[PDB]
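What follows is each chain in one-letter form.
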Amino acid sequence: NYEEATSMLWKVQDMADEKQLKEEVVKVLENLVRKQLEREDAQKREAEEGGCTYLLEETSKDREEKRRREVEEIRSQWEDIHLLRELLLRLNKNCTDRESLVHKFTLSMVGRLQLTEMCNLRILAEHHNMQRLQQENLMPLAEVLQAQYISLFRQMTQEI
Amino acid sequence: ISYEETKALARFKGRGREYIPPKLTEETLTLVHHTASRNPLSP
Amino acid sequence: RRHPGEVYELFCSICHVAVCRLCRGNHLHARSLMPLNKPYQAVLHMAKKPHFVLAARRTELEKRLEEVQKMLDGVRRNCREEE
Amino acid sequence: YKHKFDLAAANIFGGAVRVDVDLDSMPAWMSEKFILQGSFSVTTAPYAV
Amino acid sequence: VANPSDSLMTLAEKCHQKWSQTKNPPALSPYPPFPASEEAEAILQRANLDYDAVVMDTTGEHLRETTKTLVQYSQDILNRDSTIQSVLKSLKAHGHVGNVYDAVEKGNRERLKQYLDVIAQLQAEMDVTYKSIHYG
């Protein structure tokens, strides 16, 4: 019954194919792309910003705050890299386990098929043997022996 | 079973992959019986 | 044939070919190996009849003999009744 | 050669038979039913201008 | 359609092969600060480097290369899901073929039962007639 057997593979696979982690990874990747984008945007914007000014002095505080913000932004970049990495590693685990289930079923079904085919070969061989047997020995024997018993009836009747 | 199964399933016995067992191989004719027991009364 | 000298002993049943005593090592599925007299007789009977995939269209297009024929003699009847 | 016989009939003859015939792969030419009516007669008649 | 066995065999073989080629996601890097500017200048000072030098951080480059590689690994995960669904469909088809073969086998088996009981009857009757001739 391989048709309601591989239907259970199709059922078990997509319901151990957890949708939450995947939607989450999609969203986080989208966010990190938007982030690199706004990063280049800020690059060009600050370029034009210095472009003006050049006589509006930058106070000490400003420069201190700027160094601080730069460290904080490198830190947030590492944070988002880590989040995406974690989600992707989890997805890899789930996918590998699904692949394991699939390969197990495949090989198990392969072996079942081998068994069925080998039983076919054996039963078919025995069929050949027995049919040959009857069509030669058995059949000849039966016919000639019935002929002999008919001759026997004949002689016994001619006698009585 | 016979020769067929006891050669291919016992010399190998489910083992495999590095074993390789070795190579496979007056006084003319009278219809009267001349009796073994020489008692004249034995028949 | 892949090495001379010694005779075949078993059977493969995945790729249908005779297996010798040195042959199962290069067989990846080594189990599904049987002796080599029984497979022989079985294949004999099996072939003896018409082969199975050959009998796929030993019964598929014999109705297509008749579908072409029932229209062929249909045109024969139309042209004959006009002759 | 039996396994090669299996693979031969599965590669020369494994596809579906492309000799499709019901009434429609045929063109519209094979739907007509010829008839032929008329009457010949010999007459010893004038020509009647 | 000859031996679903060998076909599913090659299928699961491709499976093993690709399945096992492991791929490790890009590694994580030192929490941004590292090596910490304050300490970098100290290193650039206890080196006795002839040419005066500055500390050019690259954290950003490493981080964006990691972004790209993680994007590539997500694409790999998608390809994996797709191949898994393909193998599932292939299994469906091979299983239909196999239900066919199992029916064939059960049938041959019942046919063997029939022929065997038939020859049993025949040989019984044959012994009967032979003994009856021995009597006559």
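- This deposited entry lists cryo-EM as its structure determination method and 3.54 Å as its resolution.

1. Re the overall build of chain A
Thought 1: Scanning chain A from terminus to terminus reveals three helices and zero strands.
Thought 2: The linear arrangement of helices and strands in chain A, starting from the amino end, is α-α-α.
Thought 3: Taken over the C-alpha atoms alone, chain A extends approximately 150 × 25 × 20 Å along its principal axes.
Thought 4: Counting only residues that meet the buried cut, chain A has 31% of its 160 residues in that class.
Thought 5: Accessible area for chain A stands at about 10,200 Å²; split by element, carbon and sulfur atoms hold 62% of it.

2. Section: the packing of aromatic side chains
Thought 1: If you walk through the whole model with that rule in mind, you get two aromatic pairs over all chains.
Thought 2: Arranged with centres 5.2 Å apart and planes meeting at 80 degrees, the rings of A:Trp78 and E:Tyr31 form a pair that is edge-to-face. Remark: E:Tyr31 occurs in the loop between α1 (4-20) and α2 (37-43) and A:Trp78 occurs in helix α3 (residues 60-159); the pair is interchain, linking two chains.
Thought 3: On the accessibility criterion, A:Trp78 (14% relative accessible area) is buried.
Thought 4: A centroid spacing of 4.2 Å and a plane angle of 45 degrees characterise the contact between A:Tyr149 and A:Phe153, whose relative ring orientation is tilted.

3. Structural notes on the interface of chain C and chain B
The figure often quoted for interface size is the accessible area lost as the parts come together.
Thought 1: Contact with chain C, which involves 14 residues of that partner, is made by twelve residues of chain B.
Thought 2: Buried surface at the junction of chain C and chain B, summed over both partners, amounts to about 1,100 Å²; 55% is from carbon and sulfur atoms.
Thought 3: Our count for the contact surface shared by chain C and chain B stands at one salt bridge.
Thought 4: Ionic pairing is found between B:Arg11 and C:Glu9, a salt bridge with its closest N-O pair at 3.9 Å.

4. Topic: the sheet that holds strand β2 (residues 18-19) of chain C
All names here are of chain C.
Thought 1: Reading across from one edge, β2-β1-β3 is the order of the three strands in this open sheet, with antiparallel pairing throughout. Of all strands in the sheet, those with a lone pairing partner are β2 and β3 (34-35), marking the two edges.
Thought 2: The pairing of strand β1 (residues 10-11) with β3 spans two bridges and is classified as antiparallel. The partner of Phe-11 across the bridge, within β3, is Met-34.

5. Description of the nonpolar core
Thought 1: Membership of the largest hydrophobic core comes to 16 residues, with the highest contact counts inside it found for A:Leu9, A:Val102, A:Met109, E:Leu8, E:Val87 and E:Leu91.
Thought 2: The residues touching A:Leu9, leaving out its near neighbours within four places in the chain, are A:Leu101, A:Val102, A:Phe105, E:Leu88 and E:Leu91.
Thought 3: If you look at the next biggest cluster of nonpolar residues, it comprises 15 residues, including A:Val25, A:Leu29, A:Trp78 and E:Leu70.

6. Remarks on the interface of chain E and chain A
Thought 1: With 57 residues of chain E in contact, the opposing surface of chain A contributes 59 residues.
Thought 2: Contact between chain E and chain A buries roughly 5,500 Å² in total, counting both sides, with carbon and sulfur atoms accounting for 72%.
Thought 3: In this assembly, chain E and chain A are joined by two salt bridges.
Thought 4: With a closest N to O distance of 3.4 Å, E:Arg80 and A:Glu99 form a salt bridge.
Thought 5: Linking chain E with chain A are twelve residue pairs in polar contact, by the criterion used here.
Thought 6: Contributions of two or more residues to the side of chain E that touches chain A are made by α1 and α3 (59-135) of chain E.
Thought 7: Considered class by class, the residues forming the side of chain E that touches chain A number 33 nonpolar, 18 polar and six charged.

7. Points about the environment of E:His62
Thought 1: Secondary-structure assignment places E:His62 in helix α3.
Thought 2: When the C-alpha atoms of E:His62 and E:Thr22 are compared, they prove to be 23 Å apart, with 40 residues separating the residues in sequence.

8. Quick notes on the side chain of E:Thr66
Thought 1: Along the polypeptide, E:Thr66 turns up in helix α3.
Thought 2: Taking relative accessible area as the criterion, E:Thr66 reaches 6% and is therefore assigned buried.
Thought 3: Ignoring any residue separated from it by four or fewer positions in sequence, one finds E:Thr66 in contact with A:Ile81 and E:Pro26.

What counts as what
- Residues numbered from 1 in each chain as written, not as in the entry; some residues may be left out.
- Chains lettered and ligands numbered in written order.
- Part of a larger assembly, values for the part shown.
- Heavy atoms only, no water.
- Helix = DSSP H or I, 4+ residues; strand = E, 2+ residues; numbered from the N terminus.
- Buried < 20%, exposed > 50% of the residue type's maximum accessible area, 1.4 Å probe, protein only.
- Areas by Shrake-Rupley, 256 points an atom, 1.4 Å probe, with all protein chains shown as cover.
- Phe/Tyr/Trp six-rings, centres within 6.5 Å; stacked < 30°, edge-to-face > 60°.
- Contact = heavy atoms within 4.5 Å.
- Buried area = accessible area lost by both parts, 1.4 Å probe.
- Salt bridge = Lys/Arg side-chain N within 4 Å of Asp/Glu carboxyl O.
- Pairing = 2+ DSSP bridges.
- Core = buried A, V, L, I, M, F, W, Y, C linked by side-chain atoms within 4.5 Å.
- Polar contact = N/O pair within 3.5 Å; in protein donor to acceptor, adjacent residues only side chain to side chain.
- Nonpolar A, V, L, I, M, F, W, Y, C, P; charged D, E, K, R; others polar.

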